[PDB]
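> 3D model of this:
(10 chains, ligands or ions: 3)
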Amino acid sequence: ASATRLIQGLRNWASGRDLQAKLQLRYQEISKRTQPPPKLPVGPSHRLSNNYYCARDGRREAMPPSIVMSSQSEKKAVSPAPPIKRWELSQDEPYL
Amino acid sequence: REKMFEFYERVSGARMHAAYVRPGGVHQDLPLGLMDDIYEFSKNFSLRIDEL
Amino acid sequence: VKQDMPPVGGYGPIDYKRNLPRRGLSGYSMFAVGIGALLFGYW
Amino acid sequence: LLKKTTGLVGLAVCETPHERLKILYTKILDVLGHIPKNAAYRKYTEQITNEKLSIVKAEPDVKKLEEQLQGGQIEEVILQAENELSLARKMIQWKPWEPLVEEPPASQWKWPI
Amino acid sequence: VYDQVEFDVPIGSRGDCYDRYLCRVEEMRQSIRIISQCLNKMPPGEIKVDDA
Amino acid sequence: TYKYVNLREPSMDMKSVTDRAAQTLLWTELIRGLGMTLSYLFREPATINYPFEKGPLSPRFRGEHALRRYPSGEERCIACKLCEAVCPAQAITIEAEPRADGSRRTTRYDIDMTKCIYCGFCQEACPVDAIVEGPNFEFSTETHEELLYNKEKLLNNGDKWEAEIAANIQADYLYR
Amino acid sequence: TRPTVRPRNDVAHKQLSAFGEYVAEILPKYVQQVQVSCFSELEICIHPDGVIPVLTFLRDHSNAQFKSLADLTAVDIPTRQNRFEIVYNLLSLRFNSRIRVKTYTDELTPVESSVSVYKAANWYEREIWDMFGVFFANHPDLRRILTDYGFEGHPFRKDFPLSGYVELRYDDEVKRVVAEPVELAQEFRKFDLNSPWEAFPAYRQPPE
Amino acid sequence: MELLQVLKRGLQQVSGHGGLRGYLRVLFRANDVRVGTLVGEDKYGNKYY
Amino acid sequence: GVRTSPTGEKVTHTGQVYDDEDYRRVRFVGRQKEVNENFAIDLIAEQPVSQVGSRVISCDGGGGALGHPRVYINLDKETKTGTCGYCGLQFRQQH
Amino acid sequence: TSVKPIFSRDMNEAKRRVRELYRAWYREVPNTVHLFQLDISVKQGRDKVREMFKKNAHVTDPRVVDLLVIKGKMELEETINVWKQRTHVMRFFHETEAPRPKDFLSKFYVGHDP
Ligand code: SF4
Ligand code: SF4
Ligand SMILES: [Zn+2]
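Residues are numbered from 1 along each chain as shown, chains lettered A, B, ... in the order given. Ligands and ions are numbered 1, 2, ... in the order given. And now the structure:
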């Protein structure tokens, strides 16, 4: 920031870009190193009622894998999923 | 890249190996004013890619 | 609650595209400048 | 219209994709006739090959043929028809419609142990 | 939440070192784009799963 | 949702062909690169004057370990061995017995700092804020065994750095 | 069960079950089990004589096109007499799906190498040789890839100890880094962490 | 001209260390001669700017 | 509260000191045995017993979430004070 | 008890492969002593090769000795091509290791190992 206007103009000319609007050295625009204390929010399970753990038990709703075929009509051929939709080219900047 | 390691150190305490993203979410919340400095980084980083 | 959040209007616009700003003279002009420097030197 | 590039590296642009797909699909069906009728590979591959061949014969355009064959570019549709032909020629040799060669041991796929 | 951010995916044409260089540079551009969208769309709430 | 890097066909009119030939014969992009390097010649460098200037750190920083005390002088560690149960390097070794007033305290509290991965799981596992990981990173030694800390070294680090450790915990305990 | 429970993908579960039926009835010579997990992943459990037909089918079939070998893995399970479980993770880019192909061998039966199906497999099954000892027949260059050159044993077997059997140091007498039997200054402290109470009743194995 | 301001800032950096003796003292100890606001001084003599 | 063996070696708060004939004193030869001189058993003994008027008191070590878990200490024994299991601060029912 | 072979159908083909692998090592040992510039003699390295081959002389399973020939070819390939260094070749010669107590009484004197 302390560069004189001659060096600043020379530097902007040789780069081709305005370098003072976007300086890579940080100054007083950054956040203060001393912050106010937060008050963090709690999750949706911080309730005093209707909050039984068996009604929100993630690990216990996992089941063993359903065995489709085991060794102990004119049905349609299937794929593992539908085919992937063709990507559209970028409207923002296609390089076209 | 040094400034982004400062982002990691502000969010976790380590500059590289944060152990921050964990099974269940992340370890700890963002400290106040971190997103403003991520904004100040991202606002200028395009010029860095441009001169590279 | 006091949490790390963006401001009310959101953040400002962040540039992310290439800016190679097309400086310099034309191809006709640069050869003209070089040939002019040659002719001044020759004279 | 002469597509200039496929975009995929090493995938050459096919000048006549319709005739190439017709030759590949009828050749898949010719090879696939050498498999027994109760083999599910023959039935499923005749099914999808007849569907693709009907789509190829019913659409003179190439772009709409790409949108309704639903398989990317037309040259990689040609490549997948080639791969299916090579697969059918290998499936004749393997004979994988036969019964199971061996049962596993009794607790082989039992997890956790 | 990558189905909620909005970015382009750079695609090469010749399979060489130079197109992969350009793909990495454009991925830095698009990472800046995703970071701008993440800074603007940060929600409030907890940061761990509230299954203790 | 995709873009084509390097799918530009150049213009073949005489203007653009003369542009590219002037770029070849007169080295225009090379002078562009010289100009960008010259632009960084006249910037203020990003160099800090270490050791007289220090790199910026946050109160979360994970440096040298320390065993803390209550504001009475009583040490906080009650020998519960959660920190060596969670220590992913097994750098922590703890023995314990009831001391002479019947209190649950440690006799051994070793941390091999050369096994330690400095991940702060011990300070987040500790239920009484006893083991913390302080701000000291300037503790390089000249011998390997000087980095095999026993309880006396960790209590000296706690007594040494408590004025700073307590303020960093004061700044960061509401996120924890 | 909204905020903390992972939402179940029923569409992909039904689709992968139907495709598992498809693969099981096209290839009944080798397919032993087909199972879809609760988080919608399809496993095909095959006989090891059909490594090349099942993988070549999944690579080349028009309704499969699993052109990408994501990963190739052995898992050592010592209580099974075919203790090594060779896992093939395939990726379809056409249909945007993944399939797991699993087969078995013991220490002496070789598995047929799959570099004719996926050239990605060249280093993977070489790593399986290096780490487990599973020999892959008709491999181009099968040798070690990750362990040291004089290394004895296969480290990812579960009867192999964590620290191995030998350790290195420099010895100034012979001017040479030497291998000596391993001695720890601090032993790796084994923690019996398992709870004596059952965690998941849905996974309870039936008694004898 | 703004070069004169640069030279006057250099000379007042020479002056702000108490002359040439303190200037060379900080030039050879710190390799850095710029002047600052003294925030404090601890019980050892470390001065913080 | 460090004391000293007849060999001159300091004794830690554990009670550890090397013997006169133990060879491992050679690691301190030309160097120092680092002990901490703030013994916690002596420092917590200097804290006065807190007179409270309730039958059950609670302690969390001071500081709220900066101390230890909040435990409840019974004070029915009039012979002996009630001591915190975490911080060692001791309490007496005043009646 | 019907198992898929590796290379050998029975033990005679297996001993043929053991024999060819031994021939290959015996030819290689002078080159290994030369280009690694080992401090051993050619006879000493050949005695070590014979020791390593007589170590596995009890095996009666064709698949196990097929794997022993395969791992011996891998060792040979790492030794002919200079992939091993001098240290890896000299790790067969346990030189810095102290001689272990052999009889009951010296093992009793040093410790608790049987
Ligand atoms: S920081 Fe991590 S590795 Fe180090 S002592 Fe603590 S838990 Fe162990
Ligand atoms: S977790 Fe804390 S109180 Fe428990 S043994 Fe470790 S340092 Fe001591
Ligand atoms: Zn207490």
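
> residues in contact with residue B:16?
The contact partners of residue B:16, by C-beta atoms under 8 Å, 6 or more residues apart in numbering or on different chains, come to B:5, B:8. All C-beta spots, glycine's among them, are computed from the backbone N, C-alpha and C.

> Can you pull the phi and psi angles for residue 21?
I'll assume chain A. phi -70, psi -30 (degrees, to the nearest 10).

> Wait, chain H was what I had in mind.
phi -70, psi -50.

> residues near it, how many?
8 (other C-beta atoms under 10 Å in any protein chain shown).

> leaving aside the residues next to it on the chain, what's closest to residue G:44?
residue G:101 (5.0 Å; C-beta to C-beta, 6 or more residues apart in numbering or on different chains).

> and the one you found, that's in a strand?
Yes. Checked against DSSP: H, G, I helix; E, B strand; the rest coil, residue G:101 lies within a strand.

> Please look at it and residue G:41 and confirm they touch.
No. Taking contact to mean C-beta atoms under 8 Å, the distance of 11.9 Å between residue G:101 and residue G:41 leaves them out of contact.

> Quick check: residue A:70 touching residue G:33?
Yes. With contact defined as C-beta under 8 Å, residue A:70 counts as touching residue G:33 (5.0 Å).

> Between the two, point out the one with more neighbours.
Each of residue A:70 and residue G:33 has its neighbours counted (other C-beta under 10 Å); residue G:33 has more, 21 against 13.

> quick revisit: out of residue G:101 and residue G:41, which sits in the more crowded spot?
residue G:101 (26 against 17).

> How many neighbouring residues does the residue in chain D positioned nearest to ligand 3 have?
Relative to ligand 3, the nearest point of chain D is residue D:112 (43.5 Å; C-beta to the ion). Other residues near residue D:112 number 8, with proximity taken as other C-beta under 10 Å.

> Roughly how far does residue C:33 sit from chain B?
26 Å (C-beta to the nearest C-beta, to the nearest Å).

> Give me every residue in chain C lying close to chain B.
Proximity of chain C to chain B, by C-beta under 8 Å from any C-beta of the partner chain, involves residues C:2-6, C:11-12, C:14-20.

> Single out the residue in chain H that lies closest to chain A.
residue H:2 (4.6 Å; C-beta to the nearest C-beta).

> residues contacting that residue?
A:4-6.

> And residue G:48, how close does it get to residue G:113?
12 Å (C-beta to C-beta, to the nearest Å).

> how about the helices of chain J, start to end?
Secondary structure of chain J (DSSP state H): helices at J:11-35, J:42-55, J:62-80, J:86-90, J:104-110.

> now the shortest one, how far from the chain's geometric center?
Spelled out, that is helix J:86-90. Offset of helix J:86-90 from its chain centre (C-alpha atoms, centre = their mean, to the nearest Å): 13 Å.

> who touches it?
In contact with helix J:86-90 (C-beta under 8 Å, 6+ apart) are residues G:148-150, G:174, G:176-178, J:32, J:36-38, J:40, J:78-79.

> and with 6 Å instead?
G:149-150, G:176-177, J:36 (C-beta atoms under 6 Å, 6 or more residues apart in numbering or on different chains).

> Which of the residues you listed fall within strands?
Of these, the ones assigned to strands by DSSP state E are G:176-177.

> Mind checking which of the contacts of helix J:86-90 are buried?
G:149-150, G:176, J:36 (16 or more other C-beta atoms under 10 Å in any protein chain shown).

> For these, work out which two are farthest apart.
G:149 and G:176 (14.2 Å; C-beta to C-beta).

> Could you dump the helices of chain J into a markdown table and include mean neighbour count?
Output for the helices of chain J, formatted as a markdown table (neighbours: other C-beta atoms under 10 Å in any protein chain shown):
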| stretch | mean neighbour count |
| --- | --- |
| helix J:11-35 | 15 |
| helix J:42-55 | 14 |
| helix J:62-80 | 19 |
| helix J:86-90 | 20 |
| helix J:104-110 | 10 |
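
> of those, which approaches residue A:51 most closely?
helix J:62-80 (59.7 Å).

> That closest one vs helix J:42-55, what angle?
160 degrees (axes from the mean of the first three to the mean of the last three C-alpha atoms, to 10 degrees).

> elements contacting helix J:62-80?
Judged by 3 or more C-beta pairs under 6 Å, 6 or more residues apart in numbering or on different chains; DSSP states H and E, helix J:62-80 is in contact with helix J:11-35.

> helices or strands up against the helix it packs on?
Using 3+ C-beta pairs under 6 Å, 6+ apart: helix J:11-35 touches helix J:42-55, helix J:62-80.

> With respect to residue G:74, which of those helices lies nearest?
helix J:62-80 (15.8 Å).

> and the angle for that closest one with helix J:11-35?
20 degrees.

> now helix J:62-80, how far from the centre of its chain.
9 Å.

> cool, stretch C:6-22 as well?
Counting by C-alpha atoms, centre = their mean, stretch C:6-22 comes out at 17 Å from the chain centroid.

> what about that stretch and chain F, any contact?
No. Stretch C:6-22 is not in contact with chain F by C-beta under 6 Å from any C-beta of the partner chain; minimum separation 8.8 Å.

> Spell out which residues of chain E are next to chain A.
Residues of chain E lying near chain A (C-beta under 6 Å from any C-beta): E:8, E:44-46, E:50-51.

> Between the contacts of helix J:86-90, which sits nearest ligand 3?
Scanning these for proximity to ligand 3, where the rule is C-beta to the ion, the winner is residue G:177, at 54.5 Å.

> who touches that closest one in this structure?
Here residue G:177 is in contact with G:168, G:170, J:87 (C-beta under 6 Å, 6+ apart).

> with those residues in mind, which one is nearest to chain C?
Among the contacts of residue G:177, residue G:168 lies closest to chain C (C-beta to the nearest C-beta), at 48.5 Å.

> Confirm that that closest one lies within a strand, as I assumed.
Yes. Residue G:168 forms part of a strand when assessed by three-state DSSP.

> can you pull out the helices in chain E?
Using DSSP H, helices in chain E cover E:17-40.

> now do chain H
Using DSSP H, helices in chain H cover H:3-16, H:19-29.

> Distance to residue I:92 for the contacts of helix J:86-90 - can I get that in CSV?
Below are those laid out as CSV (distance: C-beta to C-beta, whole Å):
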residue, distance to residue I:92
G:149, 72
G:150, 71
G:176, 71
G:177, 67
J:36, 81
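
> Which entries within the residues of chain C next to chain B meet the buried criterion?
Using 16+ other C-beta under 10 Å, the buried ones in the residues of chain C next to chain B are C:3-4, C:11, C:14-16.

> which bits of chain F sit near chain I?
F:70, F:72-75, F:78, F:99, F:101, F:103, F:107, F:128, F:152, F:155-156, F:173.

> among the residues you listed, which are in helices?
Reading helices off those with DSSP H, I get F:152, F:155-156.

> And for stretch G:63-77, what's in contact with it?
For stretch G:63-77, using C-beta under 6 Å, 6+ apart, the contacting residues are A:77, A:79, G:58-59, G:83-92, G:94, G:118, G:120-121, G:124-125, G:128, G:132, G:134, G:157-158.

> in that stretch, what's buried?
If you call a residue buried by 16+ other C-beta under 10 Å, then stretch G:63-77 has these buried ones: G:63-67, G:69-70, G:72-74, G:76-77.

> Which ones among the residues you listed lie within strands?
G:69-70, G:72-74, G:76.

> hmm, back to that, now, among the residues of chain F next to chain I, which is nearest to chain H?
residue F:156 (18.7 Å).

> how about the closest one, what does it touch?
Taking C-beta under 6 Å, 6+ apart as the test, what residue F:156 contacts is residue I:36.
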